[PDB]
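*Asks:* Once you've had a glance at the structure underneath, I'll fire off some questions.
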Amino acid sequence: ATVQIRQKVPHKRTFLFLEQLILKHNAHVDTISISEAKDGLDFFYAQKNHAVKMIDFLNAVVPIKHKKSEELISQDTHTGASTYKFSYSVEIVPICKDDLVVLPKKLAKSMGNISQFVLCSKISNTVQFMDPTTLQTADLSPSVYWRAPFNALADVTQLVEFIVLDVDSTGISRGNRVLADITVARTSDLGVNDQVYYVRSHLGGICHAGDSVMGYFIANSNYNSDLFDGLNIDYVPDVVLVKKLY
Amino acid sequence: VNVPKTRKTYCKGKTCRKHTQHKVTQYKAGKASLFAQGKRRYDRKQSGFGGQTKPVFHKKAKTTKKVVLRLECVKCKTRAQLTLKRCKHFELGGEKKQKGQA
Amino acid sequence: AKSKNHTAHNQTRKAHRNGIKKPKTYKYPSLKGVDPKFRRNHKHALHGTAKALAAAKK
Amino acid sequence: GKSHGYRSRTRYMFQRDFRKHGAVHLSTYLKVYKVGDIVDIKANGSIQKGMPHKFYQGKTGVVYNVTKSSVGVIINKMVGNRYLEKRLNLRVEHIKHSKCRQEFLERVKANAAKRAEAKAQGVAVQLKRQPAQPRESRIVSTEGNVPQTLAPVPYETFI
RNA sequence: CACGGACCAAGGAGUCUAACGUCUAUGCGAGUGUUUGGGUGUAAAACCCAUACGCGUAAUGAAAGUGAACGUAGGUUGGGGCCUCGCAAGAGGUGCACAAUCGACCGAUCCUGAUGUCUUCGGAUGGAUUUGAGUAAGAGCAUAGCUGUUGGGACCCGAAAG
RNA sequence: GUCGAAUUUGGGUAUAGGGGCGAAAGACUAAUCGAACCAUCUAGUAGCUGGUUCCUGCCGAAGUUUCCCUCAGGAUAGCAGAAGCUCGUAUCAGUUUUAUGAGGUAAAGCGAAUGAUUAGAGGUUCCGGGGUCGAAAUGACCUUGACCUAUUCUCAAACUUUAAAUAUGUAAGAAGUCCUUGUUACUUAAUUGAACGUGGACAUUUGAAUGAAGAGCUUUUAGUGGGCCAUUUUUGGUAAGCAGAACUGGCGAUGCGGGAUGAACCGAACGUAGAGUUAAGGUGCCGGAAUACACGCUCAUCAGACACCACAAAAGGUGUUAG
RNA sequence: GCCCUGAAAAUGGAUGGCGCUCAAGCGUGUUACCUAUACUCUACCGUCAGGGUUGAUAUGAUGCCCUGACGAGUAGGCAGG
RNA sequence: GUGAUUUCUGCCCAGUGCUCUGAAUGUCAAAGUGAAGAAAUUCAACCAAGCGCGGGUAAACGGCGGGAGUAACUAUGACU
RNA sequence: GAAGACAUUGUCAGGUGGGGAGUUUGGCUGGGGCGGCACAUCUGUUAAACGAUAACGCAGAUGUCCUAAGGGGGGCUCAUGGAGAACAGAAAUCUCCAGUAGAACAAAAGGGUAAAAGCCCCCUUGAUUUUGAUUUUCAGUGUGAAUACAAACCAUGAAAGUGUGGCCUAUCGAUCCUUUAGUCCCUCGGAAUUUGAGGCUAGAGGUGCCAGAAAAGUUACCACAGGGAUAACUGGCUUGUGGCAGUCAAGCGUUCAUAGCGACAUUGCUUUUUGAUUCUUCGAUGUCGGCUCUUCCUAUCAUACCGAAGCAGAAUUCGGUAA
RNA sequence: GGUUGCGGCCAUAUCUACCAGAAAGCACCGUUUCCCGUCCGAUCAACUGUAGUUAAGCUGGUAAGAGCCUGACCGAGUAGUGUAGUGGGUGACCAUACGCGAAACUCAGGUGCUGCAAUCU
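Residue numbers (my numbering), protein chains in the order written: chain F, 1 to 246; chain U, 247 to 348; chain S, 349 to 406; chain A, 407 to 565.
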């Protein structure tokens, strides 16, 4: 038997989050050996039943799609007996924890009429999105994602260093001190230039003056998605603040 | 990448035929602009019973566009185009590089 | 059903049924590819020497 | 996946030499190539521009075109059941003369010399070459020379 | 130790047409093709004929358009045959077909822009590593045949379906 | 099994095909039902299976390249035929020699560079790389560790100074060499060079060997595009009548003599006949042919007998013979 | 070196069979002999190439005649019947 | 839907569905209206149901797990 | 009586709509699925010393990055080791000597390079225009990348010269459709003007199945053309593994290598295991076990006759002939 | 024959250690106004051939030196290898016939050669 775990991204956050958590709950106890692959890794299981126990564990912690197949080996004629060799192909949802995602138009209208230009927040059993301009969350169960897949707009490797000038909070707060209008300037343009950007962001309370934050920088990026092309350009912000550094 | 806003290159506009100063901006596609020939044929053919009659492209793999620059001469205003390779980050003008810094 | 993908057996014997031969290299080779600074003069050298043989020697 | 690049399988063929690294010597540039000369091709590893493909290493062609830095060389390459006539543009570092042709041009001058000299005498031009002949009969000398007797040796190990 | 065949007579499978390509035969030849039709008749035959039409005699460009001799219709290198001397061997002249090659002219693209001129029309002359399915003392049209192609039920027999 | 009821049954009448009817089985609807029957559209389409009708004569293949929703199929180059055309010593050739190139495998080397393997203990901002939780950073927790901190052997498809054998490129003249001076818008300080030429000189040994059932060009089309085996070099594999490549010969497409028998091995390739001599193998008898000659070895209460080939090992023997 | 032990498979059987023991076994040398659609010579058919022959006496000048070489073949092509 | 009677039928309304005396301008077709234009046209406002937000609903489809501990000779765990 | 310009009916428009219709549901592959990309490419190796050369063979990379990390010129020498200098140590800065590249050159690996192709300065846009020839994969078509020129215009340097992107080898795309730039030229065909539309020329918007379709499942109710080109059963080859037998004899048998147990190493046999393979059969060889019945094998549990013992008897244990 | 300028072939020319060099040429060397460049006239710039030197550079020699280059009845006709056999061997692999034929090592010898222009007891 074999559970084959796969994730298509070059940098796999949830997949490495899986290996740290597979050791905490003491899950892989019934392995024979562990092989690895280009896209993920493989687990070899002696009996049939120990493989299904892992998939019930994987369903709780990471959004997967799985299916099964088999191979015949012996076909003994003296009794009806199997000697079958099973294979479970498991694939993680290919969006990482903190990417930039542009949703499809019909899908974004059903999840509470969120805007299409959202982040990812909390990546869980289910996939959770966040609108960084106005705080509003929307969940995405894996059965809705695999009936119509889509790709991340930008990875973690596109983050750009920013330097914050001050924080102007609007006093709205769901759970993260919503909509602090951060006046932010580029790390690379602070030295010799006078160029200042102006953006609402969910990083409300944790940010002060002179702090280094990372962010997606839309103003120079030529994306080639048809979803991003089917937008209204003058409603797209220049800066999406992602995370505070250090 | 990063290109300067001003580039001195060869112009061909029947009076210059020499390296003159050009301005650099970024090429924009333009409006779809119906009453074109293919659009009037498409709206006639879709009309009626039969549903979708043209292929609709789905399986897209690329992630970048090539970058096109419209070089505009400052004397004769004879615009000319020039292409670049595929790149993810394209800004023009700022961020001049200095190699020795802290 | 797998297949034998590739071999070069019998490929040499097929070529030697017709006897591998030269392109037999004619006189006056074609001046395509010659430096066009040379061809522009070499036109006038032949046009000049045809004038000398016509008028003087008769 | 397979590999069929422009310089594949050229690990040892484009290496420079042992104790001959560095810049090339200046008699490479000073030699003169006229149209029709027989040349040989040996690709230099250091000069990357104008470089012959890995097939033409060691072949021999005729110069038809002379330009600023390079020469035009024709090479007969077989493909299928047919010779083709393919043309290259090699910079002068990669090219060199063929001494087989250069010995031919001085044998013609000797052949013209022997014909003109034998006409002054009047008979027996004798100009073609002949291969190695079986030798003539002769008499060896045992004077101060006794034929030494040999015998096969027995077997020893000394290992 | 794969499938069809118990035995006998009879039937039983690359055909026809439209439009064609190479090749061969015949007529005629800068022309060619009588036969939709008319005239006639010993009556679906044979014979005789006008005017148009078809392909050919000029290509090129998307088009508006423009349209093939500096010359013995060019120079070179071979070239069957022929002509002259010579006993022959060979020597020289002339070389069609044809093969390789440098030019010439016509059209497109790019440049030069003359005498002129409703002042913006006109494009003389000369070029250019470009380009054409071109010109350079025409070779095509019509019929018939083998072979080959495509559409036709298309060598013959055969579905589960619609 | 049931047998006085949700019972059995006659006649009448109603519902008809993507419809009816169903106390539900995808059951029944005239021996037809996970969609009836009849006729037409129809000779439906098939890259798939079977068949394809007279004789002799000459020539005679392919399972390979590139591209394709392509891998049981086509185009395309290859091999093959036919029609021939210009010419007839043309200079070509699956070859050698003289001369001169190129290469990095066999073998060599490790006291010439480069060099693995099996294992792996510590040192808490000399880093964090991959996470994770955080009203933040003097901020926490988990982990691979960052670090090998001390020496210790190994040789080599992916290590190298030198470097074979076989195979491989070019040259051996007339389209050449030499004097001489013509051409130009190129080139040179320069009638210097370059390139192509006039006129003159060098011919039968004209520039090594051997061969040349003529040399050269062109049009057009059939079949094929499932291969297989053997010696040698090899890769995956415990090994295979296994899988995948290299040069060459075969079988397929092919009989005949020999290996009793055999698609490939050994001889040898074919019109019909007579005579002679042989190959591969054989000569006690079946069986054509010496129970021939000569020198030795072996006796087995499972002897041994001829390549590919239908087998046999390590370890023992005062069995015999030579050392 | 030969032989022997090592050496065990299921229908009855295989140096090819009988059989063979100073071999009709193994090693080796010398001769003789047997025979293939192969090789040499000849006859004949056929194809291909190079030739001769309209004074005439032909009635087949797509005829008659001289010399030489070669002949396997599925798929396929052409040709004569 | 379930399948005599006796005896019971626990917890979850969020996911998917269904539904309402609920909020109002996020989405938003044709016809209409306005502006620009020589005119075909372009542009902008307005904008029904539905969707979106909010509530209800398990004898509707269904679901009912993870991490500690906290003892009485020898232990599951009431609790968190 | 009720209802009343609302309902109803007609046309267009948006929502809902497996209730119903039509079609689709890639390829390679040691069966098919799952995986994987071996499907478009690059370096080393396999590869057997020119080139070519396969496998789901091995060690790996690419769908990027750069106004400098492009172009030109000048100046200079690195990794590391040794010896010295307050705080200063294993590591700061400074100095000298030695230093063939042991460094660096955006990245995979392999080449290449020392008054440079590395490091630091100075100036610049040749990373430009016009189109042809040529190399690589090759059908001598495309596409990508690359070389050498010509005609223009410039950059740099005192100058010779060098530069048509990255030191070289990978870093990417047809038809139709839309769109911008060019000459601001051609056409809208009864003749004009102006909007609009269509053309020539050169780019971009993309087909990763990368010479380029627009596409989810299930069948245990199943159907047809076929395949031994291909699975599940017997047979054949192979023997890692299994059974089994030799040799070598560690530990044991209270003190004794072999009476007798015997692991581990090493050489073999068998087809009574399990694997590997695809040769025969898919126009069918009826595919488990039991009951019934014959015969064969010996690797002997019993029986017959013997040998050895740590065999006194009794009871055993080990070995031979023998089915 | 010695120098210098410019090279050609690129270790027989380099490397390490000591010694010798008349003549002239080189080279060290003296100064900072100017052109010019640096933290520093050290490097490069300019200025004088003047104050002075062969101490270095440079050239030549010596070393049973390290390296490098030629050879040889050195190793060795050995390793490998092309063809052939109904050759041996259960095999692994090995002999023969016609052929090509190395490398390390060992010893012996060598330690730059030359083109153009100028100038020197």
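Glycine residues also receive a C-beta, built at the ideal position from the N, C-alpha and C atoms.
Just list the beta strand (DSSP E) runs in the stretch 54-137 of chain F, keeping only unbroken ones of 3 residues or longer that don't cross its boundaries, in chain order.
*Replies:* Counting only runs of 3 or more, we get 64-72, 84-92, 100-102, 117-120, 127-130.
*Asks:* Quick one: measure Cβ to Cβ for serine 87 of chain F and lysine 68 of chain F, integer angstroms, because I've assumed they're closer than 8 Å.
*Replies:* Within the first sequence, the letter at position 87 stands for residue 87 of chain F. Within the first sequence, the letter at position 68 stands for residue 68 of chain F. Rounded, the Cβ-Cβ distance is 7 Å, consistent with contact.
*Asks:* Strictly below 8 Å CB to CB, what residues from chain A border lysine 370 of chain S?
*Replies:* Locating residue 370 of chain S in the third sequence gives position 22, where the first residue counts as 1. Under the 8 Å cutoff, chain A gives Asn482, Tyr489.
*Asks:* Which residue comes first and which comes last in the beta strand (DSSP E) that contains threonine 271 of chain U?
*Replies:* As a position in the second sequence, residue 271 of chain U is number 25, starting the count at 1. That run of the beta strand (DSSP E) goes 264-272.
*Asks:* Give every residue of the same chain whose Cβ lies closer than 7 Å to the Cβ of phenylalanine 336 of chain U, excluding the five residues on either side of it in the sequence, and list them in chain order.
*Replies:* Within the second sequence, numbered from 1, the residue matching residue 336 of chain U stands at position 90. Within the same chain, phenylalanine 336 of chain U has close Cβ partners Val247, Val313.
*Asks:* Spell out whether any CB of chain A is found under 8 Å from the CB atom of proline 377 of chain S.
*Replies:* Taking the first residue of the third sequence as position 1, residue 377 of chain S is located at position 29. So, interface residue.
*Asks:* Kindly indicate if chain F contains any beta-carbon less than 8 Å away from that of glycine 340 of chain U.
*Replies:* The residue you call residue 340 of chain U lines up with position 94 of the second sequence. For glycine 340 of chain U, the answer is yes, since a Cβ of chain F falls inside 8 Å of its Cβ.
*Asks:* Look at the alpha carbon of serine 293 of chain U and the alpha carbon of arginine 287 of chain U, and state the distance between them as a whole number of angstroms.
*Replies:* The residue you call residue 293 of chain U lines up with position 47 of the second sequence. The residue you call residue 287 of chain U lines up with position 41 of the second sequence. C-alpha separation (whole angstroms): 10 Å.
*Asks:* In angstroms with no decimal places, state the Cα-to-Cα distance between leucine 328 of chain U and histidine 459 of chain A.
*Replies:* Looking up residue 328 of chain U in the second sequence gives position 82. Looking up residue 459 of chain A in the fourth sequence gives position 53. If I take the Cα positions, the gap works out to 32 Å.
*Asks:* Relative to the C-alpha of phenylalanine 17 of chain F, which candidate in F:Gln47, F:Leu58, F:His50, F:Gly191 has its C-alpha closest?
*Replies:* The count along the first sequence starts at 1 and reaches residue 17 of chain F at position 17. It is F:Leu58.
*Asks:* For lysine 311 of chain U, which residues in chain F fall below 9 Å Cβ to Cβ?
*Replies:* Taking the second sequence and counting its residues from 1, the one referred to as residue 311 of chain U is at position 65. Residues of chain F passing the Cβ test: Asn222, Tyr223, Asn224.
*Asks:* Take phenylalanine 217 of chain F as the anchor and find which of F:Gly40, F:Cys207, F:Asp39, F:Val236 has the nearest alpha-carbon.
*Replies:* Sequence index remark: in the first sequence, residue 217 of chain F carries index 217 (1-based). Taking only the C-alpha atoms, the option nearest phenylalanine 217 of chain F is F:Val236.
*Asks:* Listed in chain order, which residues of the stretch 466-479 of chain A have Cβ atoms closer than 8 Å to some Cβ of chain S?
*Replies:* Flagged, chain order: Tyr470, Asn471, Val472, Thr473, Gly478.
*Asks:* Give the interface partners of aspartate 39 of chain F over in chain U, defined as CB-CB distance under 7 Å, in chain order.
*Replies:* Stepping through the first sequence from its first residue, residue 39 of chain F is reached at position 39. Going along chain U, no residue has its Cβ under 7 Å from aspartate 39 of chain F, so there is no contact; the nearest lies around 17 Å.
*Asks:* Could you work out which residue in U:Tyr273, U:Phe295, U:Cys322, U:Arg316 is closest to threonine 266 of chain U when comparing CA atoms only?
*Replies:* For the purposes of this step, residue 266 of chain U is identified with residue 20 of the second sequence, where counting begins at 1. Measuring from the Cα of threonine 266 of chain U, the nearest candidate turns out to be U:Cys322.
*Asks:* I want to see whether chain F comes within less than 8 Å of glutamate 318 of chain U, judged by CB atoms only; does it?
*Replies:* For the purposes of this step, residue 318 of chain U is taken as the residue at position 72 of the second sequence. Not closer than 8 Å to any Cβ of chain F, the Cβ of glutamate 318 of chain U fails to qualify, so no.
*Asks:* What are the start and end residues of the alpha helix (DSSP H) that includes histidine 392 of chain S?
*Replies:* In the third sequence, counting from the first residue as 1, residue 392 of chain S sits at position 44. 384-403 is the span of the alpha helix (DSSP H), which, as asked, contains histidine 392 of chain S.
*Asks:* Looking only at DSSP bridge pairs, what is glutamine 327 of chain U linked to?
*Replies:* For this step, residue 327 of chain U is matched to residue 81 along the second sequence. Per DSSP, U:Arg316.
*Asks:* Contact check, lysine 274 of chain U vs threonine 310 of chain U under 8 Å by CB: the rounded distance?
*Replies:* Counted from its first residue, the second sequence places residue 274 of chain U at position 28. Counted from its first residue, the second sequence places residue 310 of chain U at position 64. Between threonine 310 of chain U and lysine 274 of chain U the Cβ distance is about 17 Å, and since that is not below 8 Å, they are no contact.
*Asks:* Look at the Cβ atom of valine 240 of chain F, then the Cβ atom of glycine 210 of chain F, and state whether they are nearer than 8 Å.
*Replies:* In the first sequence, residue 240 of chain F corresponds to position 240, counting from 1. In the first sequence, residue 210 of chain F corresponds to position 210, counting from 1. No, the pair does not count as a contact, with Cβ atoms beyond the cut-off.
*Asks:* Could you check the C-alpha separation between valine 62 of chain F and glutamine 20 of chain F for me, to the nearest Å?
*Replies:* Locating residue 62 of chain F in the first sequence gives position 62, counting from the first residue. Locating residue 20 of chain F in the first sequence gives position 20, counting from the first residue. Cα to Cα, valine 62 of chain F sits roughly 13 Å from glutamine 20 of chain F.
*Asks:* For the alpha helix (DSSP H) that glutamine 508 of chain A lies in, which residues bound it at each end?
*Replies:* Taking the fourth sequence and counting its residues from 1, the one referred to as residue 508 of chain A is at position 102. Per DSSP, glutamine 508 of chain A belongs to the alpha helix (DSSP H) from 505-527.
*Asks:* Alpha carbon to alpha carbon, how far is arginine 493 of chain A from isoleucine 481 of chain A?
*Replies:* As a first step, residue 493 of chain A is located in the fourth sequence; it is residue number 87 there, counting from the start. As a first step, residue 481 of chain A is located in the fourth sequence; it is residue number 75 there, counting from the start. So the two alpha carbons sit approximately 6 Å from each other.
*Asks:* In terms of residue numbering, what span does the alpha helix (DSSP H) encompassing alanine 363 of chain S cover?
*Replies:* Within the third sequence, the letter at position 15 stands for residue 363 of chain S. Note, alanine 363 of chain S: alpha helix (DSSP H), 359-363.
*Asks:* Identify the contact partners of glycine 486 of chain A in chain S, using a Cβ-Cβ distance below 8 Å as the criterion.
*Replies:* For the purposes of this step, residue 486 of chain A is taken as residue 80 along the fourth sequence, with counting starting at 1. The contacting residues are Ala363.
*Asks:* Answer yes or no: do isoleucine 447 of chain A and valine 477 of chain A have a C-beta to C-beta separation smaller than 8 Å?
*Replies:* Taking the first residue of the fourth sequence as position 1, residue 447 of chain A is located at position 41. Taking the first residue of the fourth sequence as position 1, residue 477 of chain A is located at position 71. Cβ atoms of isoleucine 447 of chain A and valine 477 of chain A: not closer than 8 Å.
*Asks:* Within 10 angstroms of its Cβ, does residue 254 of chain F collect 16 or more other Cβ (buried), or is it exposed?
*Replies:* Missing from the structure shown is residue 254 of chain F; chain F here goes from 1 to 246 and no further.
*Asks:* To the nearest whole angstrom, what separates the beta carbons of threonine 466 of chain A and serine 504 of chain A, a pair I think is in contact under 8 Å?
*Replies:* Position 60 of the fourth sequence holds residue 466 of chain A. Position 98 of the fourth sequence holds residue 504 of chain A. Sure, about 6 Å apart at Cβ, within 8 Å.
*Asks:* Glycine 381 of chain S touches chain A at which residues, Cβ-Cβ below 7 Å?
*Replies:* Here residue 381 of chain S refers to the residue found at position 33 of the third sequence. Residues of chain A passing the Cβ test: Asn471, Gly478, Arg493.
*Asks:* For the alpha helix (DSSP H) holding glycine 284 of chain U, just list the boundary residues, first then last.
*Replies:* As a working note, residue 284 of chain U is residue 38 in the second sequence. Counting along the chain, the alpha helix (DSSP H) containing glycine 284 of chain U begins and ends at 283-292.
*Asks:* Using a Cβ-Cβ cut-off of less than 9 Å, give me the residues of the stretch 183-200 of chain F that come near chain U, in sequence order.
*Replies:* Listed by position along the chain: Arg186, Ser188, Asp189, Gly191, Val192, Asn193, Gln195.
*Asks:* Listing by chain order, which chain F residues have their CB less than 7 Å from the CB of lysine 308 of chain U?
*Replies:* On the second sequence, position 62 is the one that residue 308 of chain U refers to. Residues of chain F passing the Cβ test: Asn224.
*Asks:* For a quick check, are the C-beta atoms of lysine 38 of chain F and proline 94 of chain F less than 8 Å apart?
*Replies:* The count along the first sequence starts at 1 and reaches residue 38 of chain F at position 38. The count along the first sequence starts at 1 and reaches residue 94 of chain F at position 94. No, these two residues do not count as a Cβ contact at 8 Å.
*Asks:* Looking only at its chain, what residues have a beta carbon closer than 7 Å to the beta carbon of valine 102 of chain F, apart from the 5 residues adjacent to it on each side?
*Replies:* Counting from one through the first sequence, the residue named residue 102 of chain F turns up at place 102. So the list reads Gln116, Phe117, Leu153, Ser225, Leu227, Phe228, once near-sequence residues are dropped.
*Asks:* Can you list, in chain order, the residues of its chain with a C-beta nearer than 8 Å to that of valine 156 of chain F? Leave out the 5 residues immediately preceding and following it.
*Replies:* Indexing the first sequence from 1 puts residue 156 of chain F at position 156. The residues are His11, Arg13, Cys96, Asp98, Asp99.
*Asks:* Might you give, ordered along the chain, the residues of its own chain that have their beta carbon closer than 6 Å to the beta carbon of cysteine 319 of chain U, omitting 5 neighbours on each side?
*Replies:* In the second sequence, counting from the first residue as 1, residue 319 of chain U sits at position 73. Cβ neighbours of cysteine 319 of chain U beyond the five flanking positions: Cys257, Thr266, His268.
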